[PDB]
Amino acid sequence: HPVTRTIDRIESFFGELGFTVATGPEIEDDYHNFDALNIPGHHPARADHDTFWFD
Amino acid sequence: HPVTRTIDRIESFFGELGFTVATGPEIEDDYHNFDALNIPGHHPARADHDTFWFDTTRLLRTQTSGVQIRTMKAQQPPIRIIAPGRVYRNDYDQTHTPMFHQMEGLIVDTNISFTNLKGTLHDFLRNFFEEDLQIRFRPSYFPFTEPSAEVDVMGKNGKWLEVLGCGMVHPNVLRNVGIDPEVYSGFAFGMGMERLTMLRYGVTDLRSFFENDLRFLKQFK
Amino acid sequence: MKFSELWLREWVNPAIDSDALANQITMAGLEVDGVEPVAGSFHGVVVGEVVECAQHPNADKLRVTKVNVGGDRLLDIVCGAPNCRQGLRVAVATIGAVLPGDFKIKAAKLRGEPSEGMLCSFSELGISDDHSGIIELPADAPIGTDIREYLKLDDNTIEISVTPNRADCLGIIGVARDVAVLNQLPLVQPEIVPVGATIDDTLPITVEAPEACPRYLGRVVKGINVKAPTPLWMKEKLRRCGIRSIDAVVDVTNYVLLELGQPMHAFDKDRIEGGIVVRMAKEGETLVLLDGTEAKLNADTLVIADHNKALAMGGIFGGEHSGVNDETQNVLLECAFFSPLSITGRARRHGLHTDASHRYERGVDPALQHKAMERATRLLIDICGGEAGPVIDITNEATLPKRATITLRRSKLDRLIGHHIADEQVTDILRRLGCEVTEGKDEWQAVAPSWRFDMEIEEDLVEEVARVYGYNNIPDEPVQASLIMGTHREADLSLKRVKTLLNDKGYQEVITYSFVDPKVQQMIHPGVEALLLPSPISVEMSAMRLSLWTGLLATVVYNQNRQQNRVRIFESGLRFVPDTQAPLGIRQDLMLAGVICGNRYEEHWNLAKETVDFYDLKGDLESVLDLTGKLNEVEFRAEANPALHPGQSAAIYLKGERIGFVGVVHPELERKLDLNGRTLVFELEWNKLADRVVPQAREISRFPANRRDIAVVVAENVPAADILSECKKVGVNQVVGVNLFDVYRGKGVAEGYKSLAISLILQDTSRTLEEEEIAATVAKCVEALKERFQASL
Amino acid sequence: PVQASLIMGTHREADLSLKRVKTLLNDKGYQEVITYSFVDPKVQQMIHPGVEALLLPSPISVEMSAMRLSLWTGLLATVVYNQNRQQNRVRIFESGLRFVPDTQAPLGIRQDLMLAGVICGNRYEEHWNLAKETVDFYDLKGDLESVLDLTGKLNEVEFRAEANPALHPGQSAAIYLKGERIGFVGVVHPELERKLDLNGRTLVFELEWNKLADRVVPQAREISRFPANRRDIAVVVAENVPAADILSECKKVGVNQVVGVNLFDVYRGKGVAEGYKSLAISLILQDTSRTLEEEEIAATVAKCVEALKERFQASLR
Ligand SMILES: C[C@@H](CC1CCCCC1)NCc1ccccc1O
Ligand SMILES: [Mg+2]
């Protein structure tokens with residue numbers, strides 16, 4: 001896929017500098033997507049991102 | 001080929017550290033193979049070197065040093081290259097073939113020390129054999145490095161096994177490629193791919209690598 | 001370098017066993033290659049004396065013997081050695097002893113006479129290859145004592161590799177001095193007192209080349225017994241260092257070489273005409289060496305000569321005439337320091353390699369000649385008798401090398417090592433090595449000792465400090481450096497990516513030797529001169545390969561000789577083609593080559609056995625070339641090649657440049673190489689396809705496309721790809737796809753003609769097409785095949 | 001530029017790169033595809049009926065309101081998309097997460113990385129020397145065996161016939177590695193193929209990636225310098241007896257000498273009773289220390305035939 005070519009190129013650029021690739025789940029909780037990023041519940045980023053919530 | 005497996009793993013180990021792969025011709029002149037490495041014409045490790053000569057200047061290289069010398073002459077530090085390739089020596093036994101593969105590394109920067117040589121190669125050996133294995137650094141001699149060292153891995157039979165050679169680049173080598181040894185320093189290393197491949201996968205006869213029996217090669221898919 | 005561990009322990013005896021001492025020597029930089037026992041394994045052999053010796057009454061060449069071993073009574077021993085006689089001190093393997101090979105000594109009769117043990121040779125004890133007679137011990141040998149204790153047979157010979165920097169470690173003293181430094185022990189040295197002269201005999205010695213010989217020491221010994229036997233203690237130390245005993249005069253000079261590292265030589269003084277002339281040779285001088293052969297010397301070679309003829313090669317080899325012989329009674333001892341640069345290379349020029357040349361070309365201590373001369377003088381007269389004259393000292397202080405004065409900076413030491421070693425430890429290490437050290441502000445000024453030839457610059461002292469402090473006592477630290485990205489090119493095609501595709505098409509990578517057999521390469525590439533090795537490992541590996549086909553075709557024959565008919569392999573590597581316009585007159589191009597043979601697949605329940613053909617390998621090659629994105633610009637033209645089937649071979653062209661070949665191996669070449677069957681090879685110049693096209697997004701039509709099939713009959717010798725290329729080129733932007741799906745020739749088409757069924761796909765990016773413009777375009781395409789080719793049907 | 005340390009990090013040779021598997025799939029004629037993680041629950045219900053998927057309250061649309069339970073809804077929508085543009089032959093794969101509601105999983109949803117794909121149409125494009133034949137089950141399995149062979153554990157892979165509502169029950173298999181279920185493969189059920197408006201027979205697969213993200217590190221084995229011997233056997237079994245299990249039993253029974261077991265023919269017709277089949281199997285025998293003679297060769301071949309008798313009630317012909 002064209003975007004896969006882009007990801008692979010960027011990974012090789014930073015891999016030479018010692019950057020390790022890390023991955024994780026796509027359904028996340030409140031803490032890891034916002035709270036731990038200095039984005040409290042009363043912060044507009046929880047709506048400026050226009051997030052898909054399940055609950 | 002199992003030797004290719006080994007070369008690829010080592011290139012990925014040092015590629016994450018910013019080491020660039022560089023290749024060059026296998027037939028060289030006595031300058032890039034000896035003189036540039038602080039090996040004069042009267043030096044013992046030259047006539048008594050099991051070298052294949054075509055005439056008084058052209059030879060089959062005994063190391064991949066030609067590309068490393070040319071790279072240093074063409075740019076100032078920082079230098080961070082590894083140089084794989086085939087090399088040639090006259091011996092031929094159960095543990096020696098007239099042709100084999102060598103992986104040589106070179107880094108040149110402002111404050112490169114012997115402590116960096118130990119840590120880098122200790123990291124490499126731990127990754128290559130995938131265990132917290134016993135290694136040791138041992139005094140040795142090469143005309144192109146000072147201090148010089150060989151590193152051994154504790155063999156499975158209780159004896160130390162020489163795995164590679166290394167050292168801090170000799171100031172003469174830096175000088176004749178236009179690098180100031182009072183400002184820059186660096187370490188280099190060299191290792192045989194057949195030896196490391198035998199220890200890694202349990203190959204007991206070095207000649208199997210070049211007989212190319214499809215039953216030997218198919219084990220390494 | 002071999003040496004005796006016990007002999008080394010006479011100079012330095014650290015409280016540690018043999019395995020650890022040998023490890024310590026290896027960790028000094030003198031890697032031990034082996035440790036071997038001095039004698040075989042046995043017990044029950046003791047010192048005895050031959051009290052009575054008489055003729056064996058029933059065997060002509062045997063003797064019956066009474067032997068005293070310090071027991072209750074004398075032993076009856078039968079001996080057949082020729083040297084057995086009364087009064088001899090011998091090694092006695094008593095009853096119950098076990099000799100090497102589990103050879104138990106039992107009381108028995110030999111030709112009717114009782115024998116309660118046996119008298120031993122060195123060979124029977126596993127000491128040496130000497131089986132000419134029984135061992136003869138010194139007259140004061142202690143009766144009853146274990147010969148293992150008396151002869152010190154619990155000892156090892158240690159073999160070390162000495163790199164050319166450690167010129168000081170080619171003798172007992174030099175190896176022991178380094179071991180003592182590593183153990184922080186002093187060195188115990190023998191008392192070598194000078195031999196006072198009792199006569200005034202000398203001879204004129206003049207040096208014409210004081211640069212090559214800054215110091216020559218001559219000394220005369222009058223009235224020696226060259227037939228005097230070498231004492232057993234000297235024979236053993238020589239043997240345990242790998243040197244066998246020859247005669248007493250050569251044995252003493254070899255002993256001082258082993259002990260002090262100083263080579264020495266003995267001339268027959270009566271065969272010296274006039275005096276000694278230490279000079280360069282004349283261009284073309286002739287000398288008969290000690291091995292009987294003649295040497296034609298050059299003017300750059302130093303010689304020891306007299307007033308008429310040359311006598312020896314200085315510090316390399318002795319001549320046949322002037323050496324010691326059976327009639328010699330007066331000798332001239334030589335003990336010189338030769339300049340390493342004046343000796344190096346001369347021994348190899350004449351195929352020579354001696355203990356003296358090896359040490360002189362690396363560097364012998366220029367403050368060692370006097371002590372070594374006095375050592376040889378006393379040892380010679382104590383063995384062979386005679387009287388010594390005064391020492392003839394010809395020393396040139398101008399050319400005598402000077403000890404180096406080196407400045408070691410704290411900044412350089414900490415920077416190169418990366419670990420701070422205390423000031424007192426640095427100066428202590430340098431002094432124990434023999435340096436005169438004066439401390440300064442963050443600096444050491446060191447004068448290197450006379451024996452070290454590897455102490456010229458600052459880095460040499462860094463290594464000495466580091467190796468004695470301990471490499472493994474230095475910690476690990478990661479490199480600090482800038483995180484700067486390299487320069488990347490998305491247009492680069494990786495060779496590893498190509499190897500992966502070949503793997504995914506059923507190809508196994510092989511690696512073959514770069515020098516091949518010219519007998520078989522001349523079969524594959526006849527007439528093409530290859531670069532030959534003058535000194536190859538064998539004639540079958542003497543020609544640098546002009547292609548990869550010689551190695552690949554030898555590999556399939558190898559595997560086919562081992563019950564494997566189907567082999568599909570590739571290889572990447574350089575070819576070596578003589579080229580006057582290339583660097584070093586030889587062009588080295590990186591090639592990618594391979595070969596397939598046998599059936600397309602292994603035996604399979606749903607696939608039928610079919611032999612591989614040209615379009616199988618071509619399909620794999622098109623998969624490789626498609627990685628560049630330039631497959632549209634590739635041409636397979638039929639072209640002659642002596643190794644290939646003329647009707648099934650093609651040159652590969654990319655943008656009008658020949659980049660490789662492919663085809664079936666010619667059937668006669670298949671015969672000569674003993675190939676099992678049809679074999680197909682290829683080879684590509686790698687750098688010509690290491691570049692690929694970076695994609696650029698083009699607009700896609702949202703309007704449907706139309707397909708029209710045509711059947712064109714053309715001449716049999718017309719390449720179908722040119723017809724397909726004409727439909728794609730002559731057609732405008734309407735036709736977007738041209739594909740061939742059938743090739744017919746037979747009942748329906750004339751002989752020498754073929755029908756090509758081609759599908760033409762038409763489409764426009766802005767509108768939809770109708771039958772009017774569509775049929776007018778396939779009519780335009782088929783009319784283009786009228787003049788350039790033939791009509792349709 | 002940043003001034004920092006140069007440390008290698010920890011590598012594992014036993015890892016299997018997902019990018020390496022993608023490269024193999026490309027080299028087998030597959031195009032990579034990336035589809036939306038939320039799909040139309042109507043379509044996904046046709047593929048996984050009765051399975052409740054995690055739904056998005058307030059989605060971008062109703063057709064993108066259900067987290068995908070597999071990658072087949074997006075894949076099958078992609079081939080239909082291309083087939084509406086005059087492209088019958090579609091060979092695509094995708095890697096991505098599946099979302100299966102699970103109370104024992106974090107956040108009540110289990111998120112697994114999957115590798116799925118689908119093929120349809122002719123085996124090849126129109127070619128002057130390649131036969132026009134529609135792709136079948138053993139084409140897709142051949143590509144899957146190519147993928148699984150990169151692990152070095154292909155000798156431990158099993159294709160068991162297993163029912164899946166989306167697949168033809170007679171041409172569908174659950175894939176197992178060392179006894180562990182790793183995926184599913186088969187032709188789409190004709191009723192599901194009639195729905196979605198698929199052009200003809202289509203083959204789908206899906207593999208749980210982390211189950212096969214490991215590969216065997218090679219250990220060199222000695223090669224015999226002595227010649228090998230081939231002995232073929234004809235084995236008649238009931239039709240429902242999987243041929244791979246006869247092969248697996250032969251390899252397991254002859255370990256010391258039998259260095260090769262391969263099926264080269266399977267016959268069911270005139271000469272074999274109806275409901276039965278004959279399997280032609282080649283047994284290659286070799287020893288590292290000697291050449292084998294007819295007595296030992298026959299003994300080992302008989303040992304394998306008796307094991308097939310005990311386990312499968314097979315008969316030799
Ligand atoms: C021959 C050198 C050539 C390089 C050395 C210094 C800089 C120029 C290139 N190979 C790397 C190497 C290093 C240490 C010990 C053995 C060894 O093989
Ligand atoms: Mg040194």
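All heavy atoms count here, side chains included; hydrogens, waters and symmetry mates do not. In the text below, chain A, chain B and the rest are named by the order of the sequence lines, each starting its count at 1.
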At a heavy-atom separation under 4.5 Å, does [X] approach chain C through its side chain, its backbone, both, or neither?
X      : result
B:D29  : both
B:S148 : both
B:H42  : both
B:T20  : neither
B:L121 : neither
B:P25  : both
B:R138 : both
B:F142 : neither

Counting heavy-atom pairs under 4.5 Å to chain C, which of [options] comes out on top?
options                      : answer
B:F187, B:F209, B:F210       : B:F210
B:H170, B:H122, B:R86        : B:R86
B:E26, B:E150, B:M168, B:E28 : B:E26

Next item on the list: Could you point out which residue of B:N212, B:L217, B:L214 forms a side-chain contact (heavy atoms from CB on, under 4.5 Å) with C:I569?
Entry: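 For C:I569, the side-chain contact (heavy atoms from CB on, under 4.5 Å) test succeeds with only one of B:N212, B:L217, B:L214, which is B:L214.
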
Using a 4.5 angstrom heavy-atom cutoff, name the option from [options] with the most pairs to chain B.
options                        : answer
C:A28, C:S514, C:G345          : C:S514
C:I484, C:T26, C:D454, C:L483  : C:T26
C:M485, C:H419, C:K499, C:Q564 : C:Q564
C:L30, C:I417, C:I474          : C:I417
C:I511, C:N165, C:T163, C:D460 : C:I511
C:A466, C:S161, C:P475, C:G585 : C:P475

Check: Considering all heavy atoms of both residues, which atom of C:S482 and which atom of B:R80 are nearest to each other, and what is their separation?
Finding: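 Result for this residue pair: O-NH1, 3.3 Å.
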
Check: Which atoms form the tightest heavy-atom contact between B:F52 and C:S535, and what is the distance?
Finding: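 Where B:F52 meets C:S535 most closely, the heavy atoms are CD2-O, 3.6 Å.
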
Ion pair check, [X] and [Y], cut-off under 4.0 Å:
X      : Y      : answer
C:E459 : B:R175 : no
C:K496 : B:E11  : yes
B:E182 : C:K412 : yes

Next item on the list: Go through the steps to decide whether C:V462 and B:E146 satisfy the test side-chain contact (heavy atoms from CB on, under 4.5 Å), and finish with yes or no.
Entry: CA-CA 8 Å; C:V462 179; B:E146 187 94 19; over 6 Å; no

Close side-chain approach of [X] and [Y], heavy atoms under 4.5 Å:
X      : Y      : answer
B:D109 : C:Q480 : no
B:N172 : C:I457 : no
C:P164 : B:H43  : yes
B:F114 : C:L416 : no
B:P44  : C:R362 : yes
C:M27  : B:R136 : yes

Note to self: We want to know whether B:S113 and C:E477 form a side-chain donor-acceptor pair, criterion being a heavy-atom distance below 3.5 angstrom.
What the structure shows: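 Result is no, nothing qualifies.
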
Check: Distance only, no hydrogens: is a donor on one side chain within 3.5 Å (strictly under) of an acceptor on the other, for B:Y92 and C:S538?
Finding: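 No.
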
Margin query: Run C:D476 and B:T115 through side-chain contact (heavy atoms from CB on, under 4.5 Å) and show every step you take.
Written below: CA-CA 5 Å; C:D476 302 353; B:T115 54; over 6 Å; no

Checklist line | Atom group of C:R409 that falls short of 4.5 Å from chain B, counting heavy atoms | finding: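 When you check distances to chain B, only side chain atoms of C:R409 fall under 4.5 Å.
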
Item checked: C:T344, part contacting chain B, at a heavy-atom distance under 4.5 Å ->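 Just the side chain, heavy atoms under 4.5 Å.
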
Note to self: Apply side-chain contact (heavy atoms from CB on, under 4.5 Å) to residues B:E211 and C:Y558 and explain how you reach the verdict.
What the structure shows: CA-CA 8 Å; B:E211 299 165 347; C:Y558 182 95; 3.5 Å; yes

Checklist line | side-chain contact (heavy atoms from CB on, under 4.5 Å) between C:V479 and B:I107, intermediate numbers included | finding: CA-CA 10 Å; C:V479 175; B:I107 178 177; 3.8 Å; yes

